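A.B. asks: The structure follows.
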Amino acid sequence: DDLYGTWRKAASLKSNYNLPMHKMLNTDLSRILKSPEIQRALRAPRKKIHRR
Amino acid sequence: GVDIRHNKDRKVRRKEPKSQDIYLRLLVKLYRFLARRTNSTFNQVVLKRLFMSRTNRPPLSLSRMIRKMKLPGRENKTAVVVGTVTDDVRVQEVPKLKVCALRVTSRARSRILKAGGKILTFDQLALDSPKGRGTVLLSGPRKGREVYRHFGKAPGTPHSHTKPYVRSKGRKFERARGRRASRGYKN
Amino acid sequence: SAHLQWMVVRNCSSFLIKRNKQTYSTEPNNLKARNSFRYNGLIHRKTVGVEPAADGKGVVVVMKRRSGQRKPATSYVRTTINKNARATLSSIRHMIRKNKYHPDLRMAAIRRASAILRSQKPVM
Amino acid sequence: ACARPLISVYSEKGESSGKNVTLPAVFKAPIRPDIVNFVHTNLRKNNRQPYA
Amino acid sequence: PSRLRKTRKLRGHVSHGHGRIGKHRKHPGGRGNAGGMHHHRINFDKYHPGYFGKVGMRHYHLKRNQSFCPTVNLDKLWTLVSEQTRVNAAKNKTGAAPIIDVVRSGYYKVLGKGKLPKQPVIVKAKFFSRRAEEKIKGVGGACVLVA
Amino acid sequence: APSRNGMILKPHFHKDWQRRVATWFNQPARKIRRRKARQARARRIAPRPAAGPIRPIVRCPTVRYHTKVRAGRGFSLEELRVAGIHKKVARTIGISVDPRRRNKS
RNA sequence: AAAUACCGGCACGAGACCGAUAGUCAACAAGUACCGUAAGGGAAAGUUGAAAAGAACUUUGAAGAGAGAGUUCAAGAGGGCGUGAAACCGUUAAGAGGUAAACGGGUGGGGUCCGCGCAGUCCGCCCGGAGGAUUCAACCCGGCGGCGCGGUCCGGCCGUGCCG
RNA sequence: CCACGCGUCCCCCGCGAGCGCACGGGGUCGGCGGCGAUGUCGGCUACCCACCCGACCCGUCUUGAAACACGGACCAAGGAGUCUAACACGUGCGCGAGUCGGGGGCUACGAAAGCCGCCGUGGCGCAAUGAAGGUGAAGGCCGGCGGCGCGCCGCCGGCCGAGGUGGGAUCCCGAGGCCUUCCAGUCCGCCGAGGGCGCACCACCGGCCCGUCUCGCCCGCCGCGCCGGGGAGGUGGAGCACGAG
RNA sequence: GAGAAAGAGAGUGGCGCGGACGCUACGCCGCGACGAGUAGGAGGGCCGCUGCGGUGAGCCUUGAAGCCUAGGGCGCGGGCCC
RNA sequence: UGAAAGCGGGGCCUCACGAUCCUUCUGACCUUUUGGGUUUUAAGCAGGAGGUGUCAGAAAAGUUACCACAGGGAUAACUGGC
Ligand SMILES: [Mg+2]
Ligand SMILES: [Mg+2]
Ligand SMILES: [Mg+2]
Ligand SMILES: [Mg+2]
Ligand SMILES: [Mg+2]
Ligand SMILES: [Mg+2]
Ligand SMILES: [Mg+2]
Ligand SMILES: [Mg+2]
Ligand SMILES: [Mg+2]
Ligand SMILES: [Mg+2]
Ligand SMILES: [Mg+2]
Ligand SMILES: [Mg+2]
Ligand SMILES: [Mg+2]
Ligand SMILES: [Mg+2]
Ligand SMILES: [Mg+2]
Ligand SMILES: [Mg+2]
Ligand SMILES: [Mg+2]
Ligand SMILES: [Mg+2]
Ligand SMILES: [Mg+2]
Ligand SMILES: [Mg+2]
Ligand SMILES: [Mg+2]
Ligand SMILES: [Mg+2]
Ligand SMILES: [Mg+2]
Ligand SMILES: [Mg+2]
Ligand SMILES: [Mg+2]
Ligand SMILES: [Mg+2]
Ligand SMILES: [Mg+2]
Ligand SMILES: [Mg+2]
Ligand SMILES: [Mg+2]
Ligand SMILES: [Mg+2]
Ligand SMILES: [Mg+2]
Ligand SMILES: [Mg+2]
Ligand SMILES: [Mg+2]
Ligand SMILES: [Mg+2]
Ligand SMILES: [Mg+2]
Ligand SMILES: [Mg+2]
Ligand SMILES: [Mg+2]
Ligand SMILES: [Mg+2]
Ligand SMILES: [Mg+2]
Ligand SMILES: [Mg+2]
Ligand SMILES: [Mg+2]
C-alpha cells in the first residue's frame, strides 16, 4: 500500500498513481438477484413450454 | 421458389459486447435479466447501451450533466450514464448530484463527492431501482468526434463545409485552385 | 466473489479438459465432474464433494466450511461414512438437505456416492 | 469488495505468529484477465532478438 | 498476427481477392499521386479542392520562435491558479483581488471565450483581446501588461 | 491510383532507403556502456563532483523561451573578475569558463 | 580527446531463426571437382551399429554373385549401409475382361477381417420362500459442522462511511 | 330447444360431489413366431466384380470451352498479398482536457522489468481565420447623468444572467379501478385517460469570432495623427454555439 | 397459455424427515419463415502445420516421430481417433 | 429612356468558346521586402487579357525487307460458317 496505494491515499512510491476504480462493486450476482429489492419488481416467469 | 430478396434479411445490431471485459459482462448478466423480466424499457435501453462500442457511448462531461439536470422538474432524480462522466474544468459550483456511470474519472469523482453528491455503479443502481424509476438517462455528445468533420458531402462540391484530409493546415496545403476564385474556380 | 472467479476459471483453468466435442473439469470437489458454474468445487462459499476413502470401503464426504475461505488448510472438513448403501445415501441426503447446505447438488452427490459404492462392491 | 481482512504472518517454523498485518488494497484492485493477457502479450515481445 | 488476417481465408480461391477479369497488375494508374491534372482529375477535384497552384507570399527563413504566442481563454483562466485562491477571494470581504500570471503558466495571450465568475482579478498577460479585457473589466479587475 | 477519400501524401521512400537504415538493437547495450563509463569516470575523479564543473544560470534566447532559465556553458570573464576568480584558476578549482559570453545586463 | 559510425579482422556470448531441395555458394578433400582463351561462371555430395563385433570356416562358379554357419537386440541395420513413402516394376493370391479406362446414384454377388456374437440386457421398489451378521430405531458420552428466527447475549476486526 | 329453480321493485304486451368412455396439446401393445457352435448370424461405409439410369477433362482467358484455344507424361519435396513507413475508418483496452517517455537517466532468464515528474523538453489535442499586417468565438433589463422633428439610447451603479421552434428513446405527475361475502376505509406495488421536464440526433430560425463589401454616426489619449476602437446589413471560412482527445 | 389496462397483496371497524433432469447464461430451450450462385465481401472452425509463454503430478525403451494397412469408426466437410 | 407605368445589367430564344504555372495591364494614401526607418525594386491580394480547335488544356518527323519484345484470334491476309 506504499507502492501501489490504497483506495483513499495515493501511491507514496509512485509519482501520480492511485488504484483503478471498479466498474461494478457488488460482484456477487446471485445475491443481487435473490434480493427483496429486485424480486418484488419482476413479472411472473412463463416456463410452460409450448411445443408445436 | 419464393421471391424474397434476402439482402436485408439479417439485423446487424449487437447481441453482446465485443469486449472480453468481465465486469462489463457481469453488468450484462444483470441487465439481460432485468430487461427480460421487467416491463420497463429503461432496462432495455441500458442493456443496449452496455452492448455498444466506445465510439457509440461517448463521454458526456460534468457540464452537460449539470445543465441537463438543472432543466426544471427533474430535481433530486438520478442521472444515469453508460459512458464516462468526465470532469469539466470550466464550471465552478457543482450541485448535489446522484450519478450512475460505468467509470467516473478521478477529479470528477473528487468534484462530485466534495460537492456532496453520490456516485453509484450499475449494480447498486439496480439494487436502488430495478425498474429504473426516478432516473434521468443521458448521453454524451456523439457527433462530437473530430472524424465527423470529414463526413458528408465531399469537399470540392458546393455548399459543403467538410474538413478535408490535409497533412498540415497551412498556406500551401489545399488553398489554391478549388478555393480561390482568382485561381480557377470556387465551390 | 463467485461469478468473478467463474469468469476467469471458465475457460483458462487447468482442471478444464476439452476433447471429443465434450468438456469436463477435473477439480477435486466436482460432483458430476463437468465444467459448470453450478457444480464447480473451488469458487463457492459452500461445496460438497464425494470421494472414495483411503481404506477401500465407503465414502469420504467433503464439506467446505463457512469462516475460513482464504485459509485452504482448515477450509474443508472430511467425514468418512463406511456403512451400507442405504444409510450412506441417507446420511448424505440429510447432510445436504437438512443443513440447507447448497441443495443444488444433493442428488448429484447421491448419484456419485452410489457410483462409488457400485465400484466398491466386488467385480463380476 | 471494500473491507480488508487481517492477514497473519507465519513464523519460519510454520505455526502462526502473533503478528497480523491488514490486507493491502492491491489485493482488492479489480481482476481483469484481458488486461493481464494484453500486457503480457505485448511485453513478452520486448525480450526478443531479431532474425533474418 | 498473420493468424487472423485475410490471406488465410483466401487459400484455394484462385485469384486471391483481386478478380479474374481485371487482375492484380502492377501499377495501373501510375505510381503514387500521379496523374493529378489528367486522369485522376475527378478525385483531386471532388476530394482535395485547392491542391494545385500557388497562393500567398513567400516567407524565406521562418521561425516559429518569432511567431510564438499561445493562447488561454477566460473560460479556463481560473484553472491556472489553485482552488484555494478562488475560495479565499470569494471568502474575502476586504476587496483584495488575486493576481493570475498567465505567463508563469506559459500562455502569452488571454482570449475571452467563456463566462468569467464574478470575482475581482488582476490578469497579468502579455497580449489581450478586446472582449477578454472588457469581460475582465465588467467583472471588475485589471489587465496588466508584461513584456 | 487513390481511393475515394483520404490524405494524399509524399512518402520519401523513392530513394534506396533499405541500404541506409539505422536500427537501434544496441540501444540497451549503449545505455549500459555509457553508464559503465560514467561510473568509471565518477570513481576516477574521486571526491570531485560527478556532474563535472559548475555552469551558470543563463537565460534561453528567443521569444518562445526567454522566461526560462537554464544551466549554460560557462561563467563569463566579467563575472569571474567581479567574483575575484582568476580565469585560469577557475578551470582548476572546478568552475567552467567560456570567454565568448557577453554581459548586457 | 569524449559522446558517434563499423555487413572487413581477432576473441566471444545469445536467439519465439533455418534443420541437408532449408539455412551461406559451401554442415563433407568448397570457391573444390568442372566449363570458358579470358574477364569470370561454379555445383552435387550428411547418418552402419551401443561397440566393427565389418560375416571365421564348408560348398558351386573363373569371378562378380549365392547357399549354409556365425556377430548383433536387430543384417526386416552387410562398407553410398537409420527410417525407407510415391511414381514405376517383378511375383504371389483373389476377382474380372468385345463399345479406351475411369466416374455419380442404386443395390446384388464374392472375398477380407471385426463383433472375442452364436440361448442373449439389466436397474430400482414390492410379495413369497430358504439362510447368515453381534444388527436398525430410540437413549448416553465425546468431537465436528450448518443456521433475530439469541426480535435486542458478550468481544473484537473492517468501511470505497459520518461526527466529535 | 346450449331453456329451469325461487323471492321481490320496474314496464309495455360465484367453491356439489364421485367415477367412466373417448374422431380431444404428434405410437403404442398390460401382442406374437422362427433360428441359432464349426457354419452360420450382423457390419450402409472400405477390397474386387456384375447390372440399370446418369455420365465429355481439368485449370484458364472468354459474350460463349469437351472443344480442331493454350498449359498438363507420372511422382516426391519446394512454390506466390509478405515486412517497414504514412494515412483513413471500424473495434478492444488505460487515462481523460488532457495524454504519451518512444529519447536520456537511476537501480542465467534480464538486450527484460521497475523508477523518474523541477527529465512533458516535445508531439498531438485544448482555437479559428487571413496572402499578410493581424484579429481572435451570448446578451438583455432597471435607475441616474425625435440628443433632436447618440423613443433610440453614449456614459456610469445594480439585477437577470449562456438561445428558440419541431420531432424525439428514457423518465415525472396521475381522472380511475385491478373482487372472494357486503359496506366505509388505510398502507404496499401494479395498468392507464390526459399533462409535463425533455439526452443523443436530425431539420430550421436566431446569435458569436476571422476575411471581404456596402451604409453611416459615435467614442479614447502620453504621443490629437494618413492614430486607435466601435456599430448596422449581406457575404467567404476546414470555426464557436458547455470539450473528446 | 389465458380473447379482454392492471394483486393466487397485506391491514382496521360494522405418524412417516421425502420431491428426476437442469444453468459450460458464450449455457440450454421454444416457435415461425427461409437455403441458387462466378468476381467479390463477411463470419465460424473441438480443421490442419511450425515454434514460444502457461498448463495436463500428460504420453514414451512394457517402444515416441515417421511409413504401410482387404481392420473398427466419427464428422456435411476440412480432418481426426483407434 | 419614356409624360408615365415600366423596360434595360448585351444581341427575341436555341451555338459563337479555354484550367494550373508564367507574362502584361488595372485597383487601394492596402500587406510583406525580414534587426530599425526612408526610397526605388520585387513579392502579394482582387479583376480583365495573352492559350492550349487532340477544345477538363504534352512541347514532337520519318523509315525498317536487318528488325526485335510483350501480347491479341478484341484485329486483317486462307478454308470453314450465316
Ligand atoms: Mg425453396
Ligand atoms: Mg442469395
Ligand atoms: Mg445483408
Ligand atoms: Mg471464390
Ligand atoms: Mg479484394
Ligand atoms: Mg486470370
Ligand atoms: Mg482494377
Ligand atoms: Mg477489361
Ligand atoms: Mg498495388
Ligand atoms: Mg490530357
Ligand atoms: Mg480499387
Ligand atoms: Mg543473454
Ligand atoms: Mg541433402
Ligand atoms: Mg533429407
Ligand atoms: Mg545446401
Ligand atoms: Mg539428398
Ligand atoms: Mg540415408
Ligand atoms: Mg529394429
Ligand atoms: Mg536398423
Ligand atoms: Mg535402408
Ligand atoms: Mg504389387
Ligand atoms: Mg489370376
Ligand atoms: Mg446411359
Ligand atoms: Mg489461358
Ligand atoms: Mg486477355
Ligand atoms: Mg474470343
Ligand atoms: Mg466473364
Ligand atoms: Mg472446333
Ligand atoms: Mg493451335
Ligand atoms: Mg495463350
Ligand atoms: Mg502440352
Ligand atoms: Mg508440397
Ligand atoms: Mg480509404
Ligand atoms: Mg476508432
Ligand atoms: Mg448459398
Ligand atoms: Mg437594378
Ligand atoms: Mg533584406
Ligand atoms: Mg539596413
Ligand atoms: Mg532492301
Ligand atoms: Mg515473338
Ligand atoms: Mg473464305
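Using the numbering of Swiss-Prot, the residues shown for chain C are 2-125, in order.
Method of determination (from the header): electron microscopy, 3.4 Å.
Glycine is no exception: its Cβ is also placed from the backbone N, Cα and C atoms.
Checked Swiss-Prot, it gives:
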type     : residues : note
MOD_RES  : C:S2     : N-acetylserine
CROSSLNK : C:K58    : SUMO2 cross-link
CROSSLNK : C:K65    : SUMO2 cross-link
MOD_RES  : C:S115   : phosphoserine
A.B. asks: Please identify, among the recorded positions C:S2, C:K58, C:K65, the one with the smallest Cα-Cα distance to the residue listed as 'phosphoserine'.
C.D. replies: C:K58
A.B. asks: Report, in whole Å, the straight Cα-to-Cα distance of C:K58 (SUMO2 cross-link) from C:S2 (N-acetylserine).
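C.D. replies: C:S2 (N-acetylserine) and C:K58 (SUMO2 cross-link) have their Cα atoms 37 Å apart.
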A.B. asks: Can you see whether DSSP assigns C:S115 (phosphoserine) to helix, strand or coil?
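C.D. replies: Note: C:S115 (phosphoserine) is helical by DSSP.
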A.B. asks: Cβ neighbours within 10 Å, counted over all protein chains: which one of the recorded sites C:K58, C:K65 has the most?
C.D. replies: C:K65
A.B. asks: Using Cβ atoms only, which of the recorded positions C:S2, C:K58, C:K65, C:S115 are under 8 Å from chain A?
C.D. replies: C:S2
A.B. asks: Under a three-state reduction of DSSP output, how is C:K65 (SUMO2 cross-link) classified: helix, strand, or coil?
C.D. replies: strand
A.B. asks: If I take the alpha carbons of C:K58 (SUMO2 cross-link) and C:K65 (SUMO2 cross-link), what is the distance between them in whole Å?
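C.D. replies: About 23 Å separates the two Cα atoms.
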